[PDB]
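Undergrad: Provided herewith is a single structure, encoded as structure tokens, for subsequent inquiry.
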Amino acid sequence: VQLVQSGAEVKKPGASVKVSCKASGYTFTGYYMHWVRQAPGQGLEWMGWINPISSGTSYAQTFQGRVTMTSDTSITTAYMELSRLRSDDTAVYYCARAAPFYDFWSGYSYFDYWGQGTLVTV
Amino acid sequence: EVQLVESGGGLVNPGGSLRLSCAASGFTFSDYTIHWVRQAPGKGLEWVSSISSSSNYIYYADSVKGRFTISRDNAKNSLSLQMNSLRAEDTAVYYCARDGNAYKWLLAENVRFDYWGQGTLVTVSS
Amino acid sequence: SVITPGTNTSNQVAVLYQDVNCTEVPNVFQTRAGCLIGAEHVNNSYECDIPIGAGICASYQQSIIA
Amino acid sequence: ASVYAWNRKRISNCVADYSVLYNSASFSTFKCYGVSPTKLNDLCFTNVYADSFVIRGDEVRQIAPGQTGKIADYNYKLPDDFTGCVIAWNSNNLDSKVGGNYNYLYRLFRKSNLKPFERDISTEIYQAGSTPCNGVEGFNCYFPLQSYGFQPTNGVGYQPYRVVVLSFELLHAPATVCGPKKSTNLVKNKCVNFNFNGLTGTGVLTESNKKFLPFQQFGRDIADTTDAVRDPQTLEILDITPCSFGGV
Amino acid sequence: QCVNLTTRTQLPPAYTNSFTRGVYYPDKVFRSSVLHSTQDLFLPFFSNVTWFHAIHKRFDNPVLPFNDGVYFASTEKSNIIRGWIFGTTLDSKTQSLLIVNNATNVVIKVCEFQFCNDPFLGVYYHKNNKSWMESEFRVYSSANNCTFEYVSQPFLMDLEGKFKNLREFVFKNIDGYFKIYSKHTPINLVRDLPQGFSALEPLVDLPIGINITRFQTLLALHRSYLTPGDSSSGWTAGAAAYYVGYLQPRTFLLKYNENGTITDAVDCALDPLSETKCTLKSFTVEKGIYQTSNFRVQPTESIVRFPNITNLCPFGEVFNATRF
Amino acid sequence: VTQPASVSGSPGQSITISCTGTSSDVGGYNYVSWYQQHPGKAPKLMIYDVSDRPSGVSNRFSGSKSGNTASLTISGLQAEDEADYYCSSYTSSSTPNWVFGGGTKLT
Ligand SMILES: *[C@@H]1O[C@H](CO[C@@H]2O[C@@H](C)[C@@H](O)[C@@H](O)[C@@H]2O)[C@@H](O[C@@H]2O[C@H](CO)[C@@H](O[C@@H]3O[C@H](CO)[C@@H](O)[C@H](O)[C@@H]3O)[C@H](O)[C@H]2NC(C)=O)[C@H](O)[C@H]1NC(C)=O
Ligand SMILES: *[C@@H]1O[C@H](CO[C@@H]2O[C@@H](C)[C@@H](O)[C@@H](O)[C@@H]2O)[C@@H](O[C@@H]2O[C@H](CO)[C@@H](O)[C@H](O)[C@H]2NC(C)=O)[C@H](O)[C@H]1NC(C)=O
Ligand SMILES: *[C@@H]1O[C@H](CO)[C@@H](O[C@@H]2O[C@H](CO)[C@@H](O)[C@H](O)[C@H]2NC(C)=O)[C@H](O)[C@H]1NC(C)=O
Ligand SMILES: *[C@@H]1O[C@H](CO)[C@@H](O)[C@H](O)[C@H]1NC(C)=O
Ligand SMILES: *[C@@H]1O[C@H](CO)[C@@H](O)[C@H](O)[C@H]1NC(C)=O
Ligand SMILES: *[C@@H]1O[C@H](CO)[C@@H](O)[C@H](O)[C@H]1NC(C)=O
Ligand SMILES: *[C@@H]1O[C@H](CO)[C@@H](O)[C@H](O)[C@H]1NC(C)=O
Ligand SMILES: *[C@@H]1O[C@H](CO)[C@@H](O)[C@H](O)[C@H]1NC(C)=O
Ligand SMILES: *[C@@H]1O[C@H](CO)[C@@H](O)[C@H](O)[C@H]1NC(C)=O
Ligand SMILES: *[C@@H]1O[C@H](CO)[C@@H](O)[C@H](O)[C@H]1NC(C)=O
Ligand SMILES: *[C@@H]1O[C@H](CO)[C@@H](O)[C@H](O)[C@H]1NC(C)=O
Ligand SMILES: *[C@@H]1O[C@H](CO)[C@@H](O)[C@H](O)[C@H]1NC(C)=O
């Protein structure tokens, strides 16, 4: 299982950034793709997830209304687009894999695979 | 004897509204399409709108479409035309006329005016 | 069971609900054979025509009687 | 088609040679139910339905009478009295791609099992818990479909198989789908074996004086056995009597 | 295009007695001089049949349920009734079946039709040459994604305006087929269906296989110099009527004569005498007492009484054990 | 629809008033009608369907059509004929409507 993210981005306040995550080594639609943010000197913050099979999403109230997640199963790639960027959105963004909510042994409760962090500067 | 009687004309301000009426007698009102035609002072005839016997088919000239509303009451043998957001450019004598084509199910587009009312003058100014 | 004269004579019938109470089924005559509905019970005794049971018979006399 | 949305092809008014398929070296599975695979060309049917779809290798066993599982229960159900043939072959070279082929879906969750030949193609969120989902997936609210994600490097059980199920319809109706059997001349007033559009038996064929209606193909006696047939080529009505017999 | 009709009298529905009508040939097997017991979807004897009018002012063409199958009958002299629409939503969101007998061809199609709210055909009368001609076909706005199509051989309808012709049909949607049975007989009544028996022969078994829950009858309008107005009001109708009943899983005893024609029938659940006739496999009953059925009181409620415990069984601790 | 500003001639003479339109107005739609308007009065129908005359209208009035131009011919010109004559026709466009001609003054 591998998760490969795009390179670092530099954006001005008010701009939007789209961070991609290409997945391989597993059935893409068999898992939820989560995004987790880590601001400099801070811990990990969950942003939301997308379910590639339907492209259904869920977002943290913190980002809801600013972040849109999409995916394309034909290239097994997930995307996270964060709009209206502010200076306090400077952070390393990770994609992470977790089981779907129907997993009997609660594999959805945690993230078992992570991509390399993508730094976004605002 | 077929008659059409316009009423509800008069002098109004620009930006206002006015309802015109046309009473019908001498024929079966519910069997005929009735049109409104207006004639500005010193000018020729301009078609305004029409309402079919069932009121299902209504047409407006582009110059009045979106401002004028036409409706009829087949029980009262009376036709009404509501003119909203009227302007100085709408000054004209408004006539109601009976469509001579009693068979609009055959040639709906074929329109002739067999009977005309006297016409009521509408003036928009202040 | 359906009690009837031949269809050559009449299409009238009476129905016996065997071993059933007349208060359970829904000219209603309760016999030991069940509830007989459609036959008019009379006091007059006649030779047996169509046997119902327990001393009761039915016949066509017009309507069906018990 | 995807197994959750399998494709039904109706076949009628034609000659059905099943030996071309059965004697093929290209199929890995060819299982017939309610009929012998080597007697198919001797039979006539009122209709044949060819249901085609893709499933993974391990699920091929579910395409049969009396089976259970995600496919048997939520995607493609065959009746216990199914008559027909289930044909499948490995299609790893067609339906798999590098990175995974996600164009083939199956139903993973459903409120109840499918009826035989029922086709459910809805995508409504499945309620696993006691709380209404209101169209939004999440905890105890699942998207009912899932992809196989077929890859060329998968083991056989996870490779795509193309499945065609030929169901054979046998109604009390004119048969329209017959095997490639050559007809013979009609013989009357003799004891013969016969096969009239799939109706077999032994007896003596004679000209009938029975006034069949334009739609009636055969008649029966009080024993509910065939005693007359309509010849499928001449439309002549023939009476069938048993060949002379008796005790000795 | 589609047009909504107006100017109609708001009368209540009429009802008639089905008598012994609606019996058809259950299969394609020749039988003769025999009483055959069969179970199929038949119109119950002496059932309540909805009676629709098209006289002048009425033009009844409502959408009716199809249920388990439909018995349809028409009585008319001017061929007002042309066809039927069958389907569910009866719009372009689903496959629907359109059967129309127009002035020159009978057309059977299955498409995602966008049917009119008030569909109809129309015949114009031309006083100039005293001829009737079909001029309108306003059944649907579009007909895409067609899966089935059949058109009959060409013919010419008289279309003359003016009951002489009784046309009965049975519509079944079963086993992948839409089965149509029909019979055409003379009629001299203008009040109701005739009293008598007539078996309906199969007309066509259509290899369609679609979901039908609702249907409507397509009627033809008459337009003439006597009907001024627009496409919504400038019309009349030739006197006509039709009846709609519904089929039920009933057991019938059918009597086949020497020619293999069904000449009579018994509805085994009509009354105790018919039940006796079916029991004895005869259309006559001798004097006596016969056991024909069994009486049983049915349950009205379902009572479930389980132990009043709420604790769940510890299955999860077996399935999610750290070690097996 | 284009009309002459006016027409004239001696009493007893035949005067032709023409209405020139296009294929969407006059050419493909033989629904051309003519109206006679006297000063201070509502107009009345004189001709319809190109050449058909309403009852009550004198036989001196007849219409015709050639290509995209329609016409009204008034024979035996009378003093009482002086009036403003208008054409009316159906025009096919993005929204179906009816139009009148400029109006020809007959003196
Ligand atoms: C192993 O499994 C047990 C049992 O849980 C049951 O089986 C699991 C495999 C899943 O299918 C569960 O959904 C199913 O209930 C687990 O213990 C149980 O966990 C559940 C969920 O966390 C607890 O339910 C909650 O209870 C609290 C009240 O304390 C409520 O507020 C919540 O809304 C919810 O109902 C349940 O009480 C708990 N039961 C016991 C006896 O502990 C166990 O955690 C799990 N272990 C592992 C490693 O997965
Ligand atoms: C024909 O009628 C339908 C249905 O409209 C209803 O029945 C009519 C007879 C009349 O009583 C209407 O006032 C009723 O509402 C029309 O379809 C509806 O059109 C309206 C817009 O006017 C739209 O809001 C509705 O959603 C439509 N209904 C459906 C099921 O789609 C139809 O447009 C009419 N067609 C014409 C112009 O003849
Ligand atoms: C009776 O006369 C009418 C009117 O002329 C005929 O209707 C026309 O038929 C032609 C085709 O031959 C169409 O192109 C016209 O558009 C029709 N006109 C109208 C007003 O509908 C009608 O066909 C004639 N009847 C017969 C039997 O010839
Ligand atoms: C039926 O009744 C008639 C009298 O109407 C009688 O002549 C006939 O013999 C009867 N037949 C039988 C079978 O009872
Ligand atoms: C029928 O029920 C009543 C009580 O309602 C009882 O008195 C009577 O004896 C019963 N008769 C028979 C035949 O069971
Ligand atoms: C039979 O006689 C009794 C009196 O003993 C009476 O009450 C009953 O009504 C009579 N029934 C009939 C119908 O003859
Ligand atoms: C083929 O069969 C049809 C009956 O469907 C018959 O009418 C026709 O004559 C036959 N043709 C030949 C060559 O046998
Ligand atoms: C049943 O039939 C009667 C008699 O024709 C009729 O009056 C009644 O309205 C009908 N009811 C229904 C539901 O059809
Ligand atoms: C009847 O339907 C056929 C097929 O749609 C069509 O070609 C034919 O013109 C129709 N006839 C009439 C009179 O509309
Ligand atoms: C015809 O059906 C297909 C689905 O098989 C659909 O995608 C297409 O849009 C439909 N065509 C129209 C005009 O609706
Ligand atoms: C037909 O469609 C209706 C919805 O209009 C649905 O409830 C019903 O189950 C469907 N029947 C079949 C056989 O698909
Ligand atoms: C039965 O068939 C024969 C054929 O000879 C015919 O003469 C007779 O009229 C038919 N009977 C009926 C009731 O159709």
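If you're wondering about the labels, chains in the structure tokens are A, B, ... by order shown, residues count from 1 in each chain, ligands from 1 in order shown.
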Taking the chain letters and numbering used in this document, name the residues of segment 14-105 of chain F that DSSP puts in strand (DSSP E or B), as a PyMOL selection string.

TA: chain F and resi 15-20+33-37+44-48+52+61-66+69-74+83-91+97-100+104-105

Undergrad: Restrict the selected residues to C-alpha atoms and save them as a PDB file, in the first residue's frame.

TA:
```pdb
ATOM      1  CA  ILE F  15     -56.340  51.285 -57.355  1.00  0.00           C
ATOM      2  CA  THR F  16     -53.941  48.624 -56.110  1.00  0.00           C
ATOM      3  CA  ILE F  17     -52.420  48.763 -52.630  1.00  0.00           C
ATOM      4  CA  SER F  18     -49.481  46.434 -52.046  1.00  0.00           C
ATOM      5  CA  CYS F  19     -47.946  44.867 -48.909  1.00  0.00           C
ATOM      6  CA  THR F  20     -44.403  43.558 -49.213  1.00  0.00           C
ATOM      7  CA  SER F  33     -56.060  40.299 -44.337  1.00  0.00           C
ATOM      8  CA  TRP F  34     -57.022  43.889 -45.098  1.00  0.00           C
ATOM      9  CA  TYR F  35     -58.804  46.435 -42.922  1.00  0.00           C
ATOM     10  CA  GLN F  36     -60.488  49.746 -43.692  1.00  0.00           C
ATOM     11  CA  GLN F  37     -60.282  52.476 -41.073  1.00  0.00           C
ATOM     12  CA  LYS F  44     -63.307  46.775 -40.263  1.00  0.00           C
ATOM     13  CA  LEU F  45     -62.308  43.622 -42.132  1.00  0.00           C
ATOM     14  CA  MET F  46     -62.493  43.904 -45.917  1.00  0.00           C
ATOM     15  CA  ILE F  47     -60.506  40.870 -47.084  1.00  0.00           C
ATOM     16  CA  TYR F  48     -59.123  37.754 -45.393  1.00  0.00           C
ATOM     17  CA  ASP F  52     -61.828  36.025 -49.363  1.00  0.00           C
ATOM     18  CA  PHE F  61     -62.917  44.821 -53.097  1.00  0.00           C
ATOM     19  CA  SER F  62     -60.720  41.861 -53.990  1.00  0.00           C
ATOM     20  CA  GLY F  63     -57.287  40.754 -52.844  1.00  0.00           C
ATOM     21  CA  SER F  64     -54.473  38.733 -54.389  1.00  0.00           C
ATOM     22  CA  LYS F  65     -50.954  37.501 -53.680  1.00  0.00           C
ATOM     23  CA  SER F  66     -47.803  37.041 -55.749  1.00  0.00           C
ATOM     24  CA  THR F  69     -46.162  40.736 -51.949  1.00  0.00           C
ATOM     25  CA  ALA F  70     -49.899  40.815 -51.309  1.00  0.00           C
ATOM     26  CA  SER F  71     -52.284  43.371 -52.743  1.00  0.00           C
ATOM     27  CA  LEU F  72     -55.771  44.831 -52.513  1.00  0.00           C
ATOM     28  CA  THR F  73     -57.521  46.071 -55.616  1.00  0.00           C
ATOM     29  CA  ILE F  74     -60.406  48.488 -55.267  1.00  0.00           C
ATOM     30  CA  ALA F  83     -59.699  55.526 -45.697  1.00  0.00           C
ATOM     31  CA  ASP F  84     -56.537  54.134 -44.150  1.00  0.00           C
ATOM     32  CA  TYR F  85     -56.032  50.562 -45.328  1.00  0.00           C
ATOM     33  CA  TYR F  86     -53.919  48.156 -43.302  1.00  0.00           C
ATOM     34  CA  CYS F  87     -52.526  44.674 -43.903  1.00  0.00           C
ATOM     35  CA  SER F  88     -52.256  42.037 -41.220  1.00  0.00           C
ATOM     36  CA  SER F  89     -50.389  38.752 -41.350  1.00  0.00           C
ATOM     37  CA  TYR F  90     -48.904  35.981 -39.242  1.00  0.00           C
ATOM     38  CA  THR F  91     -45.160  36.148 -38.775  1.00  0.00           C
ATOM     39  CA  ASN F  97     -47.058  36.727 -33.413  1.00  0.00           C
ATOM     40  CA  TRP F  98     -49.151  38.871 -35.719  1.00  0.00           C
ATOM     41  CA  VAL F  99     -48.259  42.173 -37.316  1.00  0.00           C
ATOM     42  CA  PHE F 100     -49.849  45.027 -39.221  1.00  0.00           C
ATOM     43  CA  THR F 104     -51.876  53.159 -46.870  1.00  0.00           C
ATOM     44  CA  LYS F 105     -53.916  56.337 -47.035  1.00  0.00           C
TER      45      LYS F 105
END
```

Undergrad: Could you list, as number ranges by chain, all residues that come within 8 Å of ligand 12? Count only C-alpha atoms and all ligand atoms.

TA: D: 211; E: 257-259, 261

Undergrad: Next, dump the selected residues to file, keeping only C-alpha atoms, as a compact mmCIF listing (two decimals), in the first residue's frame.

TA:
```txt
# COMPACT_ATOMS: atom_id res chain seq x y z
CA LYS D 211 -61.53 -28.11 -35.70
CA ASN E 257 -68.38 -28.21 -26.90
CA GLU E 258 -67.77 -30.60 -29.80
CA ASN E 259 -66.06 -27.84 -31.85
CA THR E 261 -65.38 -23.79 -28.24
```

Undergrad: Just want the residues within 6 Å of ligand 6, written as a ChimeraX atom specification, counting only C-alpha atoms and all ligand atoms.

TA: /C:41-43

Undergrad: Set the distance at 10 Å and use only C-alpha atoms: which residues neighbour residue 7 of chain C once local chain neighbours fewer than 6 positions away are removed? I'd like the list as a list in words.

TA: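 Skipping anything fewer than 6 positions along the chain leaves residues 13 of chain C; 273, 277, 283, 284, 285, 286 and 287 of chain E.
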
Undergrad: Kindly export the residues of the current selection with C-alpha atoms, as a PDB file, in the first residue's frame.

TA:
```
ATOM      1  CA  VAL C  13     -79.561 -23.592  -1.722  1.00  0.00           C
TER       2      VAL C  13
ATOM      3  CA  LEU E 273     -74.290 -23.591  -5.899  1.00  0.00           C
ATOM      4  CA  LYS E 277     -71.100 -27.542  -9.490  1.00  0.00           C
ATOM      5  CA  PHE E 283     -72.993 -27.901 -14.715  1.00  0.00           C
ATOM      6  CA  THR E 284     -75.945 -29.640 -13.101  1.00  0.00           C
ATOM      7  CA  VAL E 285     -76.534 -30.786  -9.540  1.00  0.00           C
ATOM      8  CA  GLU E 286     -78.819 -33.598  -8.426  1.00  0.00           C
ATOM      9  CA  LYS E 287     -81.076 -33.360  -5.400  1.00  0.00           C
TER      10      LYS E 287
END
```

Undergrad: Using only C-alpha atoms and all ligand atoms, determine which residues fall within 8 Å of ligand 9, then list them as an MDAnalysis selection string.

TA: chainID E and resid 100:107 133:137 151

Undergrad: Please, could you write that set of residues out with N, CA, C and O atoms as a PDB file, in the first residue's frame?

TA:
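What follows is the written file result_29.pdb:
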```
ATOM      1  N   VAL E 100     -51.915   1.574 -30.141  1.00  0.00           N
ATOM      2  CA  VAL E 100     -52.892   2.440 -30.785  1.00  0.00           C
ATOM      3  C   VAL E 100     -53.325   1.949 -32.149  1.00  0.00           C
ATOM      4  O   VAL E 100     -52.506   1.760 -33.044  1.00  0.00           O
ATOM      5  N   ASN E 101     -54.631   1.826 -32.327  1.00  0.00           N
ATOM      6  CA  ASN E 101     -55.199   1.527 -33.626  1.00  0.00           C
ATOM      7  C   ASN E 101     -55.590   2.828 -34.317  1.00  0.00           C
ATOM      8  O   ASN E 101     -56.643   3.394 -34.014  1.00  0.00           O
ATOM      9  N   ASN E 102     -54.727   3.335 -35.206  1.00  0.00           N
ATOM     10  CA  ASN E 102     -55.023   4.583 -35.907  1.00  0.00           C
ATOM     11  C   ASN E 102     -55.689   4.281 -37.251  1.00  0.00           C
ATOM     12  O   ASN E 102     -55.910   3.119 -37.590  1.00  0.00           O
ATOM     13  N   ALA E 103     -56.037   5.323 -38.004  1.00  0.00           N
ATOM     14  CA  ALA E 103     -56.851   5.184 -39.215  1.00  0.00           C
ATOM     15  C   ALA E 103     -56.258   4.235 -40.257  1.00  0.00           C
ATOM     16  O   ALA E 103     -56.983   3.751 -41.128  1.00  0.00           O
ATOM     17  N   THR E 104     -54.944   4.015 -40.223  1.00  0.00           N
ATOM     18  CA  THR E 104     -54.327   3.183 -41.249  1.00  0.00           C
ATOM     19  C   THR E 104     -53.522   1.991 -40.727  1.00  0.00           C
ATOM     20  O   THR E 104     -53.344   1.009 -41.446  1.00  0.00           O
ATOM     21  N   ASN E 105     -53.007   2.076 -39.504  1.00  0.00           N
ATOM     22  CA  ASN E 105     -52.164   1.007 -38.971  1.00  0.00           C
ATOM     23  C   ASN E 105     -52.351   0.823 -37.470  1.00  0.00           C
ATOM     24  O   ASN E 105     -52.557   1.794 -36.740  1.00  0.00           O
ATOM     25  N   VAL E 106     -52.189  -0.412 -36.997  1.00  0.00           N
ATOM     26  CA  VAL E 106     -52.128  -0.672 -35.568  1.00  0.00           C
ATOM     27  C   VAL E 106     -50.680  -0.666 -35.115  1.00  0.00           C
ATOM     28  O   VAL E 106     -49.847  -1.394 -35.654  1.00  0.00           O
ATOM     29  N   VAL E 107     -50.376   0.184 -34.149  1.00  0.00           N
ATOM     30  CA  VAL E 107     -49.005   0.369 -33.714  1.00  0.00           C
ATOM     31  C   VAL E 107     -48.800  -0.030 -32.262  1.00  0.00           C
ATOM     32  O   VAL E 107     -49.476   0.472 -31.366  1.00  0.00           O
ATOM     33  N   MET E 133     -61.641  12.243 -41.649  1.00  0.00           N
ATOM     34  CA  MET E 133     -60.227  11.908 -41.771  1.00  0.00           C
ATOM     35  C   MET E 133     -59.497  12.113 -40.457  1.00  0.00           C
ATOM     36  O   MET E 133     -59.812  13.029 -39.701  1.00  0.00           O
ATOM     37  N   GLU E 134     -58.501  11.278 -40.188  1.00  0.00           N
ATOM     38  CA  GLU E 134     -57.725  11.438 -38.969  1.00  0.00           C
ATOM     39  C   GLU E 134     -56.694  12.534 -39.149  1.00  0.00           C
ATOM     40  O   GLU E 134     -55.905  12.506 -40.093  1.00  0.00           O
ATOM     41  N   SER E 135     -56.728  13.521 -38.264  1.00  0.00           N
ATOM     42  CA  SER E 135     -55.848  14.672 -38.392  1.00  0.00           C
ATOM     43  C   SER E 135     -54.968  14.882 -37.171  1.00  0.00           C
ATOM     44  O   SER E 135     -53.932  15.542 -37.253  1.00  0.00           O
ATOM     45  N   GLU E 136     -55.379  14.337 -36.032  1.00  0.00           N
ATOM     46  CA  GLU E 136     -54.629  14.568 -34.805  1.00  0.00           C
ATOM     47  C   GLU E 136     -54.078  13.292 -34.207  1.00  0.00           C
ATOM     48  O   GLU E 136     -54.777  12.285 -34.090  1.00  0.00           O
ATOM     49  N   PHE E 137     -52.850  13.390 -33.726  1.00  0.00           N
ATOM     50  CA  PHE E 137     -52.241  12.365 -32.900  1.00  0.00           C
ATOM     51  C   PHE E 137     -51.493  13.045 -31.769  1.00  0.00           C
ATOM     52  O   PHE E 137     -50.357  13.484 -31.944  1.00  0.00           O
ATOM     53  N   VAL E 151     -45.750  -2.862 -36.216  1.00  0.00           N
ATOM     54  CA  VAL E 151     -46.795  -2.174 -36.957  1.00  0.00           C
ATOM     55  C   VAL E 151     -47.528  -3.153 -37.865  1.00  0.00           C
ATOM     56  O   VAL E 151     -46.903  -3.916 -38.602  1.00  0.00           O
TER      57      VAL E 151
END
```

Undergrad: Can you work out which residues are within 10 Å of ligand 7, considering only C-alpha atoms and all ligand atoms, and then hand them over as a list in words?

TA: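 The residues near ligand 7 are residues 231, 232, 233, 234 and 235 of chain D.
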
Undergrad: Output the selection as a PDB file, in the first residue's frame - C-alpha atoms for each residue.

TA:
```
ATOM      1  CA  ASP D 231     -47.760 -29.909 -37.871  1.00  0.00           C
ATOM      2  CA  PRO D 232     -45.269 -26.992 -37.541  1.00  0.00           C
ATOM      3  CA  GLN D 233     -44.572 -26.874 -41.284  1.00  0.00           C
ATOM      4  CA  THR D 234     -47.896 -27.610 -42.979  1.00  0.00           C
ATOM      5  CA  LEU D 235     -50.211 -26.527 -40.159  1.00  0.00           C
TER       6      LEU D 235
END
```

Undergrad: Within 6 Å of ligand 2 (counting only C-alpha atoms and all ligand atoms), which residues show up? I'd like them as a PyMOL selection string.

TA: chain E and resi 2-4+117

Undergrad: Neighbouring residues of residue 58 of chain E were defined as those with any atom within 10 Å, considering only C-alpha atoms; residues of the same chain fewer than 6 positions away were excluded. Please report them as a VMD selection string.

TA: chain E and resid 7 to 11 52 236 to 237 239 to 240

Undergrad: Hey, could you make a per-residue contact list for chain E against chain D with 8 Å as the cut-off, showing the nearest pair of atoms and its distance in Å to one decimal, counting only C-alpha atoms, sorted by chain and number, as a Markdown table?

TA:
```
| residue | atom | partner | partner_atom | distance |
| --- | --- | --- | --- | --- |
| E:27 | CA | D:172 | CA | 7.2 |
| E:28 | CA | D:216 | CA | 4.5 |
| E:29 | CA | D:219 | CA | 5.1 |
| E:30 | CA | D:219 | CA | 4.0 |
| E:31 | CA | D:219 | CA | 5.8 |
| E:32 | CA | D:221 | CA | 8.0 |
| E:34 | CA | D:222 | CA | 7.1 |
| E:202 | CA | D:215 | CA | 7.3 |
| E:259 | CA | D:211 | CA | 5.9 |
| E:260 | CA | D:211 | CA | 7.2 |
```

Undergrad: Of the candidates E:79, E:288, E:162, E:299, which one gets nearest to residue 58 of chain C if we count only C-alpha atoms?

TA: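 Closest to residue 58 of chain C of all the choices is E:288.
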
Undergrad: Mind listing as a tab-separated table (two decimals) with C-alpha atoms, in the first residue's frame which residues of chain D are within 9 Å of chain A, counting only C-alpha atoms?

TA:
```tsv
chain	number	residue	atom	x	y	z
D	99	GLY	CA	-4.15	0.34	-11.25
D	100	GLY	CA	-7.44	-1.58	-11.02
D	101	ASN	CA	-10.61	-1.69	-13.11
D	102	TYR	CA	-13.34	-0.01	-11.09
D	103	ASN	CA	-16.04	-0.13	-13.76
D	128	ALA	CA	-27.50	-0.85	8.93
D	136	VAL	CA	-26.32	10.56	3.79
D	137	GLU	CA	-23.73	7.83	4.27
D	138	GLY	CA	-21.75	7.57	7.49
D	139	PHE	CA	-21.89	5.51	10.66
D	140	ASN	CA	-24.36	2.64	10.13
D	141	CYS	CA	-25.21	4.15	6.70
D	142	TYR	CA	-23.51	2.47	3.78
D	143	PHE	CA	-23.24	2.97	0.06
D	145	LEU	CA	-22.37	-0.90	-4.09
D	146	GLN	CA	-18.69	-1.80	-4.23
D	147	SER	CA	-16.13	-2.30	-7.01
D	148	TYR	CA	-14.09	-5.38	-7.76
D	149	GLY	CA	-11.10	-3.27	-8.76
D	150	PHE	CA	-9.87	-5.99	-11.09
```

Undergrad: Residue 45 of chain A: which residues within 9 Å, counting only C-alpha atoms, same-chain residues fewer than 6 positions away excluded, as a list in words?

TA: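 So, after excluding close chain neighbours, the residues are residues 35, 36, 37, 38 and 39 of chain A.
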
Undergrad: The selected residues should be written to file as a PDB file, in the first residue's frame (atoms: N, CA and C atoms).

TA:
```
ATOM      1  N   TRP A  35      -8.266  13.227   4.975  1.00  0.00           N
ATOM      2  CA  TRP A  35      -7.221  14.230   4.974  1.00  0.00           C
ATOM      3  C   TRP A  35      -6.993  14.762   6.378  1.00  0.00           C
ATOM      4  N   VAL A  36      -5.725  14.882   6.743  1.00  0.00           N
ATOM      5  CA  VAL A  36      -5.320  15.338   8.063  1.00  0.00           C
ATOM      6  C   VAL A  36      -4.309  16.472   7.942  1.00  0.00           C
ATOM      7  N   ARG A  37      -4.544  17.553   8.667  1.00  0.00           N
ATOM      8  CA  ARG A  37      -3.684  18.723   8.598  1.00  0.00           C
ATOM      9  C   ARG A  37      -2.765  18.825   9.807  1.00  0.00           C
ATOM     10  N   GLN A  38      -1.541  19.290   9.587  1.00  0.00           N
ATOM     11  CA  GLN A  38      -0.629  19.547  10.692  1.00  0.00           C
ATOM     12  C   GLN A  38       0.080  20.886  10.563  1.00  0.00           C
ATOM     13  N   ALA A  39      -0.423  21.894  11.266  1.00  0.00           N
ATOM     14  CA  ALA A  39       0.205  23.210  11.252  1.00  0.00           C
ATOM     15  C   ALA A  39       1.555  23.114  11.959  1.00  0.00           C
TER      16      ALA A  39
END
```

Undergrad: At a cut-off of 8 Å and counting only C-alpha atoms and all ligand atoms, what residues surround ligand 11? Please answer as an NGL selection string.

TA: :E and (88-89 or 210-213)

Undergrad: I need the chosen residues saved as a compact mmCIF listing (two decimals), in the first residue's frame, with N, CA and C atoms.

TA:
```txt
# COMPACT_ATOMS: atom_id res chain seq x y z
N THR E 88 -46.05 2.55 -15.59
CA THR E 88 -46.05 2.93 -14.18
C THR E 88 -46.23 4.43 -14.02
N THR E 89 -45.15 5.18 -14.21
CA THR E 89 -45.20 6.63 -14.09
C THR E 89 -45.77 7.27 -15.35
N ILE E 210 -42.25 -5.62 -19.28
CA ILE E 210 -42.14 -4.36 -18.54
C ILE E 210 -43.11 -4.30 -17.37
N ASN E 211 -42.86 -3.36 -16.45
CA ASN E 211 -43.65 -3.13 -15.26
C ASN E 211 -44.87 -2.25 -15.57
N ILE E 212 -46.07 -2.82 -15.42
CA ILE E 212 -47.33 -2.11 -15.67
C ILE E 212 -48.19 -2.07 -14.41
N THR E 213 -48.50 -0.88 -13.93
CA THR E 213 -49.31 -0.72 -12.74
C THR E 213 -50.50 0.20 -12.99
```
